[PDB]
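Presented below is the structure to which this report refers.
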Amino acid sequence: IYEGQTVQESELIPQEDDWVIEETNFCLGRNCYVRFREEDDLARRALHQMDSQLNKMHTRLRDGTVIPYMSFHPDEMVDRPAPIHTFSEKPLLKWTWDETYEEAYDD
Amino acid sequence: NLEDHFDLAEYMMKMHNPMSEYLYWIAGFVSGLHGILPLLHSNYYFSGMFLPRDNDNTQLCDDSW
Amino acid sequence: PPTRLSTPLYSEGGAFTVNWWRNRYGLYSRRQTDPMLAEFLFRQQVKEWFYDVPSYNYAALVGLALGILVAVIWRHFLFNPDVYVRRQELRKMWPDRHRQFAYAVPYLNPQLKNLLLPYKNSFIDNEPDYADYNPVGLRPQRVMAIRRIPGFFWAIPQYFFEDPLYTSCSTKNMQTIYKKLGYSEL
Amino acid sequence: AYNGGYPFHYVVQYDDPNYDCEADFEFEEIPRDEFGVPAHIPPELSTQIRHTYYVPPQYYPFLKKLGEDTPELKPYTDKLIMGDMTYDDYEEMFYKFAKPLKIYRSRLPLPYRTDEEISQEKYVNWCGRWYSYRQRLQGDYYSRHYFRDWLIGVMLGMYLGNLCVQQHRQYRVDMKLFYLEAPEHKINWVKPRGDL
Amino acid sequence: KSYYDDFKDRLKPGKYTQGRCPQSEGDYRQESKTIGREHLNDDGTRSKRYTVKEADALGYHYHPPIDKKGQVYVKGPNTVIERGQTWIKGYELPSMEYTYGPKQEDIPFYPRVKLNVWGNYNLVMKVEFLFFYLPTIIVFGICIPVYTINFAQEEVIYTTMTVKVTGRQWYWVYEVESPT
Amino acid sequence: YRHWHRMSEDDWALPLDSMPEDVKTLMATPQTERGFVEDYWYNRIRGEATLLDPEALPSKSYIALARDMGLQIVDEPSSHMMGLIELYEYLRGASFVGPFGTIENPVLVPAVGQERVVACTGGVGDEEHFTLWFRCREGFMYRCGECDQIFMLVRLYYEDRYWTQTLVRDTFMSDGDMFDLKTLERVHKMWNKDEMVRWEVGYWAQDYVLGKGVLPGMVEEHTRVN
Amino acid sequence: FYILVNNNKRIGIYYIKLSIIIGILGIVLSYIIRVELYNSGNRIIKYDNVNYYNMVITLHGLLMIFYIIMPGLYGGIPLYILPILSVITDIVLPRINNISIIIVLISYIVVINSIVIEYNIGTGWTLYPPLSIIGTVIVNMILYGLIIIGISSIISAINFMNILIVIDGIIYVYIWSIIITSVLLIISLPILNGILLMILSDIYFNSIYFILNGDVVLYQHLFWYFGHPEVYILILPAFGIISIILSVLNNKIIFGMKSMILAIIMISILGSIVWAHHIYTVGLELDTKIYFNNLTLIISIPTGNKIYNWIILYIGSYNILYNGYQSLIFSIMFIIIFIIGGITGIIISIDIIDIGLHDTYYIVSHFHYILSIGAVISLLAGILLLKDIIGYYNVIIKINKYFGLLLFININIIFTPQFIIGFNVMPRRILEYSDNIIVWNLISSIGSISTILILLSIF
Ligand SMILES: CCCCCCCCCCCCCCCCCC(=O)OC[C@H](COP(=O)([O-])OCC(O)COP(=O)([O-])OC[C@@H](COC(=O)CCCCCCCCCCCCCCCCC)OC(=O)CCCCCCCCCCCCCCCCC)OC(=O)CCCCCCCCCCCCCCCCC
Ligand SMILES: CCCCCCCCCCCCCCCCCC(=O)OC[C@H](COP(=O)([O-])OCC(O)COP(=O)([O-])OC[C@@H](COC(=O)CCCCCCCCCCCCCCCCC)OC(=O)CCCCCCCCCCCCCCCCC)OC(=O)CCCCCCCCCCCCCCCCC
Ligand SMILES: CCCCCCCCCCCCCCCCCC(=O)OC[C@H](COP(=O)([O-])OCC(O)COP(=O)([O-])OC[C@@H](COC(=O)CCCCCCCCCCCCCCCCC)OC(=O)CCCCCCCCCCCCCCCCC)OC(=O)CCCCCCCCCCCCCCCCC
Ligand code: HEA
Ligand code: HEA
Ligand SMILES: CCCCCCCC/C=C/CCCCCCCC(=O)OC[C@H](COP(=O)(O)OCCN)OC(=O)CCCCCCC/C=C/CCCCCCCC
Ligand SMILES: CCCCCCCC/C=C\CCCCCCCC(=O)OC[C@H](COP(=O)(O)OCCN)OC(=O)CCCCCCC/C=C/CCCCCCCC
Ligand SMILES: CCCCCCCC/C=C\CCCCCCCC(=O)OC[C@H](COP(=O)(O)OCCN)OC(=O)CCCCCCC/C=C/CCCCCCCC
Ligand SMILES: CCCCCCCC/C=C\CCCCCCCC(=O)O[C@H](COC(=O)CCCCCCC/C=C/CCCCCCCC)COP(=O)(O)OCCN
Ligand SMILES: [O-][O-]
Ligand SMILES: [Cu+2]
Ligand SMILES: [K+]
Ligand SMILES: [Zn+2]
């Protein structure tokens with residue numbers, strides 16, 4: 001069964017005595033029904049909807065990396081509402097292994 | 001085109017003509033009538049009344065109404 | 001479960017083994033396009049399914065259910081008098097089907113029926129032995145059990161000699177009561 | 001080892017220049033293979049025959065130059081010069097000198113991150129490890145707490161179930177006394193009504 | 001505070017029911033004559049000509065997008081060169097106030113936390129075992145009673161009287177042996 | 001690749017009937033202005049003209065020889081672009097498995113657009129977790145919230161176009177000295193004489209240069225019934 | 001276009017839309033029943049028109065199963081998200097997907113037209129002969145609908161099975177539920193078609209299979225051989241939805257994924273060999289009854305494992321997250337309701353207990369708790385979870401605690417009394433009844449009228 005990543009004792013040693021877990025808010029903000037503008041026509045309302053996607057949002061950490069919106073299933077990865085053609089580029093399921101080949105490295 | 005990105009773009013962008021919704025509700029209403037209208041028609045055909053009076057097939061008191 | 005493709009997987013000989021499974025797993029697969037990738041996907045499936053402890057519980061259940069299913073099907077054909085496969089008896093009128101009638105009585109007296117019928121008194125409160133006696137002789141005479149059925153029968157005492165009213169409700173006592181009145185023979 | 005040994009594409013030759021396998025409906029021409037083997041010589045015989053490529057001798061100086069500049073290529077070029085290169089030898093030469101494309105990570109543009117952020121990488125990794133440490137410990141803690149709590153439901157279910165056991169227990173006692181003592185039980189009482 | 005008051009101005013109450021004037025006052029069914037809007041109706045919805053009567057998927061207005069070199073227009077990233085490195089600045093979505101309306105302030109705090117997972121493999125395996133076999137034990141407890149009661153139904157009895165019952169539409173017929 | 005179908009006949013060579021009839025202009029067109037069919041015949045006519053001249057091959061440098069055959073000399077820029085193209089093509093119908101991604105070596109996620117959906121499955125063995133899908137957009141160093149694996153999007157983009165084999169050739173290959181039609185004629189007479197045509201592309205090419213239907217048998221070759 | 005569209009997501013919407021429309025007729029038929037059963041004596045159906053009531057129950061059962069719940073759970077949600085849950089773009093067989101929804105509509109039009117034009121008589125949704133083969137042409141029309149519906153079901157099953165070939169990701173638990181349901185259809189539908197043809201042969205071709213010397217019980221075996229897999233085909237997609245909702249809304253990985261998958265597989269295998277618990281009262285052999293009774297109880301073992309795995313998904317979830325969302329409430333309500341329906345199923349699995357409870361309203365309540373509450377609520381829960389993806393609006397259902405509470409209270413009022421009535425006893429498929437069962441029937445009737453009013457509040 002999965003019980004999280006394994007941690008070694010040395011990995012828990014801080015480089016400063018004042019380090020504490022970062023208090024970054026992972027609440028993306030306050031939302032409601034997407035509110036369109038009467039002036040926007042069909043094309044521009046589509047742009048408005050595409051700019052309100054929660055799955056395009058993320059939280060930036062203190063080192064510049066971002067933790068994105070993540071889901072257990074790919075149903076939450078398409079634009080909401082679902083467009084006619086969703087996965088133009090095949091989603092990549094990344095597996096990890098310890099195998100390696102010499103061609104990838106250079107000395 | 002941007003207009004074609006979303007399926008049923010007019011409805012999803014909240015510009016659709018309301019008549020589409022009315023037809024959907026009307027279609028549902030007509031479907032419901034297929035249970036009520038033949039009931040009335042069949043009752044009249046075999047009894048001559050659209051609907052019975054409650055307990056009219058049983059013995060009733062003199063003052064029953 | 002090894003994590004390096006260099007370490008081999010132990011396999012036994014036979015028709016259901018790691019080697020046997022590897023040979024057939026990727027027959028219809030479009031994803032196992034080379035040895036490295038094929039082995040990785042093979043071990044991924046084996047790890048996920050065969051190293052899952054709770055999965056073995058379902059393996060036991062399917063075996064038991066199928067075993068019963070095959071036995072009942074086979075028993076009907078072999079022993080049930082009403083089931084015909086040969087045609088000799090079906091080409092004769094009913095009174096002449098002597099060979100088929102040979103199945104009737106033995107098929108009427110399976111072991112489990114004899115064992116469990118005496119335990120009717122765990123359900124019936126009055127006259128649990130009303131049908132025990134039958135002079136014809138097609139079946140054995142029944143004798144009521146002396147203990148309750150194991151399990152969920154906490155309503156009645158563990159043994160019937162602990163029940164003060166058990167003997168009074170027997171078919172014999174009721175027959176005595178009604179005979180004394182001339183009410184009925186049974 | 002694919003398609004039963006039949007290649008998807010292969011060359012066919014005809015002796016008559018004006019021959020068309022689709023227009024003509026004659027029955028004398030015999031097609032040849034890429035090496036020129038007539039069709040009425042079966043492949044199990046023709047494949048045994050050794051066919052080698054013959055280049056015009058004017059190409060020998062060029063083939064010599066290729067071998068000298070690339071010594072690993074010399075043995076194949078020598079076979080070609082000496083008329084000892086079969087199709088299989090050519091294939092071995094072809095695939096021996098095929099190399100894979102190289103991707104250089106140093107040429108990939110990176111997502112923008114300020115210098116101050118780049119100095120906080122160790123801190124963020126440190127926080128991540130503590131989250132995993134806290135996560136793993138909590139799993140043991142929660143598993144003990146909730147699975148233990150399930151026992152309360154078992155005990156609660158047993159008690160409530162036992163209430164119905166007692167009711168059933170009393171019910172069986174009552175039934176045993178109905179035919180023996182209960183005045184509600186009556187005999188020589190019900191008389192046939194008769195047909196209306 | 002009331003967050004609705006922040007974007008009250010954007011929401012002007014409507015005039016017509018369902019957003020359209022009567023067709024007599026304005027014919028929203030006709031295609032728009034505005035240049036570059038030939039595929040839209042006056043009210044902005046897609047015209048039937050564009051989507052149905054002359055749909056491109058049916059062979060109307062054939063116009064292959066790809067060019068001779070097998071290329072299509074692609075918009076590049078926002079590249080920046082600094083500190084001896086080429087960087088790409090990602091596109092950040094606009095503030096949720098612009099798209100949704102509420103002002104993004106006083107947001108409740110929700111911290112980062114890794115997945116809630118059950119631990120103690122040894123304990124968990126026993127729980128999974130119980131989930132399977134506790135129901136199995138209950139089934140076994142029922143099995144023996146089931147066999148017994150089934151045998152009671154089919155027990156051979158020394159009956160002395162026969163009543164034949166025939167069901168007919170819609171009444172019951174009873175045949176009994178008349179005493180001699 | 002495994003997800004490609006059988007090679008077509010055209011995948012090996014093109015029929016001579018597809019040769020452009022204005023050969024004189026074809027051999028003078030810059031590479032950036034040649035279409036797929038025009039580029040194919042430019043390389044085949046020029047490539048076979050040099051290969052069918054044995055006496056000149058030994059004195060010709062590999063750079064010149066590669067240019068005549070239309071082969072692109074590999075360099076780190078071109079190699080990088082081609083490598084990422086093949087990786088993108090391979091991943092169309094193949095699994096995505098590789099080493100664990102870190103800040104120093106982020107997982108590379110090739111894409112043509114600005115976004116591509118990716119899943120993180122953690123590390124190996126016990127470190128593997130349930131799939132966590134996210135939208136990988138350009139310009140952000142993505143960090144899995146569970147295992148802290150680092151992902152990055154690589155875009156196959158160049159000057160309002162996406163990387164392709166032809167795009168790489170045009171950007172880096174440089175047209176050499178203009179092809180001389182005298183070489184075509186000289187090689188043509190070498191291998192084509194007295195009704196024997198062992199250099200047929202040149203025979204057709206030379207006929208087009210002379211107009212059309214000038215050389216023996218070419219009128220009959222170009223006359224068709226349907 | 002609107003009818004020519006092949007997009008699977010559009011077709012998924014059409015399945016949901018069509019099920020709601022047909023649902024109204026099913027609800028009307030259901031409402032006619034409870035109004036009549038308010039008290040003894042005729043209320044809205046004449047005594048001389050009792051045949052109409054038999055048609056109402058026959059259509060209520062048929063429409064709700066084949067035209068409402070099955071398209072909603074097996075056609076609607078799966079066609080929308082299944083290709084998304086897989087990494088593929090669209091459904092494998094686009095043109096087949098289009099014709100399947102059109103076929104469902106045409107069969108519906110045939111059925112309702114038969115109500116209007118043919119004489120109205122009924123034989124139950126199970127169409128037991130000889131009653132089914134001595135009826136009028138309305139029975140012929142209903143058979144055509146079922147056969148036509150069978151075509152759509154099988155081709156849709158073929159469509160989903162092809163996902164195994166093209167799936168570019170992991171086979172999630174939900175995908176397994178749809179795949180195994182397709183397998184059940186493939187193995188059970190051809191048997192159904194064969195026996196239905198025999199019914200037509202007797203009705204229309206002077207066949208004599210269902211007259212003396214021809215065993216009428218033959219039909220019951222073949223029908224229920226498909227009948228019980230059908231109920232498991234209805235519920236298995238509901239199980240898949242619950243697994244997704246609970247995991248997603250609690251941010252917890254699905255526990256015992258393989259155990260869940262194997263439980264679904266086990267249920268299908270067991271569900272295909274237990275059909276004869278519908279035939280206990282016909283007089284089967286002693287050993288036959290013992291076998292089916294024993295194997296029927298075994299179905300609880302895999303079904304129980306799924307229940308417990310669901311419970312641990314909800315346990316321990318973060319308190320800060322709001323738990324009043326309608327989708328979450330419905331998913332939790334399903335566990336509570338399904339347990340009630342399943343436990344009563346185990347009670348009526350014991351054949352001697354079933355002798356008293358066959359053809360009684362106890363059986364009605366049994367399958368209503370599972371289907372009318374559980375399956376509907378699962379379908380509602382799934383649609384609510386996908387509200388943003390689907391994009392529908394103009395309803396107040398996402399956060400509506402009144403609707404959830406009122407629905408739960410009132411549906412329980414309808415069907416809890418029907419358990420009690422079963423022991424009283426009241427037979428099924430009955431219009432009149434003895435005066436001493438009025439109280440319980442009256443309470444359920446009040447429940448039915450109340451539920452219909454609640455539906456009007458969502459708009
Ligand atoms: C179970 C219930 C409870 C459920 C609760 C839970 C629900 C949860 C939520 C579920 C949500 C699921 C997902 C939803 C996704 C929605 C996507 C969407 O909107 O897609 C866009 C889609 C289309 O939008 P669009 O893209 O703009 O389309 C443009 C058109 O294509 C092009 O535009 P156009 O204008 O050109 O259109 C052409 C138009 C042309 O229009 C016109 O010309 C109209 C003219 C006016 C006609 C009006 C009707 C007249 C009737 C007269 C009756 C007289 C009776 C007299 C009686 C006399 C008695 C004495 O029509 C036609 O030409 C053909 C019409 C054919 C269809 C209608 C048929 C009607 C019934 C016919 C019955 C015949 C019976 C004969 C029987 C005979 C037997 C022998 O929307 C719709 O179609 C409407 C959908 C509305 C519902 C949306 C969902 C909302 C949430 C649910 C609400 C609750 C519903 C409850 C059920 C209903 C109860 C009644
Ligand atoms: C004395 C007699 C001795 C006889 C000896 C006979 C020996 C025979 C040797 C047979 C060896 C088989 C070798 C092939 C293995 C399968 C490989 C495979 O399918 O490759 C994928 C291959 C696609 O290639 P791919 O790209 O590699 O796929 C990637 C995955 O999609 C991506 O997925 P992923 O990577 O996330 O996961 C990988 C894997 C994940 O799944 C697995 O790895 C599953 C592994 C277990 C499979 C079962 C093995 C047997 C277990 C023992 C059972 C013993 C019973 C004993 C009873 C005895 C009673 C007397 O995915 C699949 O396997 C997908 C296909 C699953 C199809 C399941 C269909 C339902 C069948 C029931 C399920 C099995 C239940 C077993 C019992 C459970 C209770 C204990 O699938 C296809 O080509 C799909 C074709 C679909 C055709 C459908 C229509 C067929 C006609 C239907 C007729 C009616 C059927 C009725 C069925 C009733 C069921 C209850
Ligand atoms: C060797 C011998 C040779 C012999 C030769 C003999 C030859 C004989 C020929 C025999 C074949 C004849 C038929 C050929 C068909 C050709 C098809 C074709 O190529 O069409 C191209 C053609 C393209 O059209 P177009 O010329 O480009 O113009 C289209 C428009 O411009 C705009 O394009 P569009 O496609 O968007 O517009 C179409 C659509 C656009 O309009 C809309 O969609 C309106 C907006 C939606 C409103 C909401 C509707 C409700 C929600 C439904 C959700 C599920 C939808 C499922 C998918 C659609 C299914 C139809 O409106 C309609 O067509 C009507 C839509 C009806 C929807 C029905 C939904 C369920 C209704 C439930 C009723 C409940 C009450 C029960 C009682 C009544 C029962 C009938 O197809 C069509 O668009 C029209 C199809 C019309 C034929 C439909 C026939 C249906 C028959 C039903 C059975 C009736 C029998 C019983 C009667 C009972 C009466 C009471
Ligand atoms: C979705 C629909 C659905 C579902 C899931 C079920 C599921 C089950 N059904 Fe049901 N059934 C119907 C729909 C359904 N049924 C219908 C429509 C009829 C009537 C048809 C007609 O006559 O017209 C019917 C009829 C019916 C009958 C009577 C048939 C007759 O004689 O008329 C029986 C008898 O045993 C039965 C049993 C079961 C059982 C044992 C399950 C099992 O799957 C239930 C298992 C679930 C549980 C037991 C609860 C969960 C488990 C636990 C909480 C822990 C373990 C529990 C124990 C070990 C007890 N069903
Ligand atoms: C899916 C199947 C289904 C559903 C939902 C229902 C729903 C209801 N049913 Fe039932 N019913 C059956 C299937 C169903 N039924 C079957 C198969 C029989 C046996 C037939 C026979 O006797 O031969 C039967 C029999 C039956 C009888 C016995 C008839 C008789 O023997 O005389 C009665 C009596 O009251 C009854 C009542 C009800 C009521 C009051 C509701 C509902 O009102 C309960 C509450 C529900 C609502 C208020 C509507 C909620 C909305 C929907 C259900 C649609 C949702 C649609 C989408 C989400 C797309 N049903
Ligand atoms: C003798 C005593 C008689 C007593 C009779 C009592 C009758 C009581 C009736 C109670 C039930 C009332 C049900 C009301 C249903 C309302 C349905 C509804 O809201 O429909 C919505 C739906 C969609 O609208 P919106 O969603 O707002 O779309 C705009 C964009 N959003 O609206 C429509 O489609 C409007 C039209 C729908 C059809 C309604 C009319 C149908 C015909 C009814 C005929 C009645 C005849 C009665 C004869 C009586 C003779 C004595
Ligand atoms: C269905 C009838 C078809 C007739 C076909 C005729 C051709 C015969 C050869 C092919 C069919 C195989 C049967 C051959 C039987 C040969 C011996 C024989 O005559 O047996 C008769 C005997 C009974 O005949 P009677 O004496 O009249 O009845 C006595 C009381 N019951 O028949 C049998 O017992 C055998 C019939 C069944 C054979 C098939 C196997 C039975 C078990 C099936 C189990 C199915 C579940 C799954 C199994 C999984 C296995 C991995
Ligand atoms: C006594 C009569 C009993 C009832 C008889 C009903 C008819 C027989 C049963 C239904 C026949 C159809 C079965 C399904 C066929 C296989 C379907 C399938 O998946 O095939 C796929 C393939 C198409 O794939 P694409 O969608 O184009 O994919 C494109 C991307 N690659 O299917 C086809 O080509 C199907 C072509 C024929 C249509 C079949 C489906 C529609 C239903 C036909 C019903 C015919 C009724 C005839 C009744 C006659 C009664 C005497
Ligand atoms: C090339 C491919 C060929 C495939 C062919 C497949 C053939 C089988 C297809 C399914 C149909 C099964 C046959 C129908 C069996 C009905 C038997 C029946 O009803 O008999 C019962 C008695 O039957 C039983 O005892 C019940 C046994 C259950 C039989 C089930 C057989 C089919 C099971 C299919 C399940 C799905 C496949 C599972 C595969 C393995 C899973 C691990 C009636 O008994 P009584 O009326 O009392 O009469 C007795 C004497 N007067
Ligand atoms: O059917 O249960
Ligand atoms: Cu059943
Ligand atoms: K009544
Ligand atoms: Zn991860």
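Only heavy atoms go into these numbers, but all of them, side chains included; no hydrogens, no water, no symmetry mates. Both ligands and their constituent atoms are indexed starting at 1 by order of listing. All chains are named by letter (A, B, ...) in the order of the sequence lines, taking the proteins before the strands, and each is independently numbered beginning at 1.
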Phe423(G) and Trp440(G) aromatic centres sub-6.0 Å: no
Distance flag for atom 36 (C) of ligand 7, protein heavy atom under 4.0 Å: yes
When you measure from atom 9 (C) of ligand 7 to the protein, is at least one non-hydrogen atom found at a distance under 4.0 Å? no
Is the distance from the ring center of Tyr369(G) to that of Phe419(G) below 6.0 Å? yes
Specify the protein heavy atom at minimum distance from atom 21 (C) of ligand 7: its residue, its atom name, and the distance to 0.1 Å. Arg86(C) NH1, 3.5 Å
Got the closest protein heavy atom to atom 48 (C) of ligand 7, with its distance? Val70(C) CG2, 3.5 Å
Side-chain donor-acceptor pair present, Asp56(B), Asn42(G), cut-off under 3.5 Å: yes
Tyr53(G) (side chain) donor-acceptor with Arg429(G) (main chain) under 3.5 angstrom: no
Verify the ring-centre separation between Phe292(G) and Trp275(G): is it less than 6.0 angstrom? yes
Is at least one protein non-hydrogen atom found at under 4.0 angstrom from atom 43 (C) of ligand 7? yes
Sub-6.0 Å ring centroid separation between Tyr291(G) and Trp74(C): no
Using only N, O or S atoms, tell me which atom of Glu36(G) is closest to the K ion (ligand 12). O
Can you find a protein heavy atom under 4.0 Å from atom 29 (C) of ligand 7? yes
Residue, atom name and distance, where the atom is the protein heavy atom closest to atom 46 (C) of ligand 7: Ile73(C) CD1, 3.3 Å
Ligand 7 N/O within reach of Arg87(C) N/O, cut-off under 3.5 Å: no
Numbering as shown, the atoms of ligand 7 that approach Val83(C) to under 4.0 Å (heavy-atom distance): 28 (O), 30 (C), 31 (N)
For atom 40 (C) of ligand 7, what's the nearest protein heavy atom and its distance? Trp74(C) NE1, 4.6 Å
So is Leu69(C) close enough to ligand 7, meaning a heavy atom under 4.0 angstrom away? no
Specify whether the nearest protein heavy atom to atom 6 (C) of ligand 7 is under 4.0 angstrom away. no
Any atoms of ligand 7 less than 4.0 Å from a non-hydrogen atom of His76(C)? List them with their elements. 31 (N)
Is it true that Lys289(G) and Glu154(E) make a salt bridge, defined as a side-chain N closer than 4.0 Å to a carboxylate O? yes
Test your reading of the model: is there a side-chain donor-acceptor pair from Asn43(B) to the backbone of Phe50(B), 3.5 Å cut-off? yes
Could you tell me whether atom 15 (C) of ligand 7 has at least one protein heavy atom nearer than 4.0 Å? no
Take the Cu ion (ligand 11) and tell me which protein N, O or S atoms are nearer than 2.8 Å. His228(G) ND1, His277(G) NE2, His278(G) NE2
Which residue holds the protein heavy atom closest to atom 24 (O) of ligand 7, what is that atom called, and what is the gap in Å? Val85(C) CB, 3.3 Å
Protein heavy atoms near atom 3 (C) of ligand 7, is at least one of them under 4.0 angstrom away? no
So which protein heavy atom does atom 33 (C) of ligand 7 come closest to, and at what separation? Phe77(C) CB, 3.8 Å
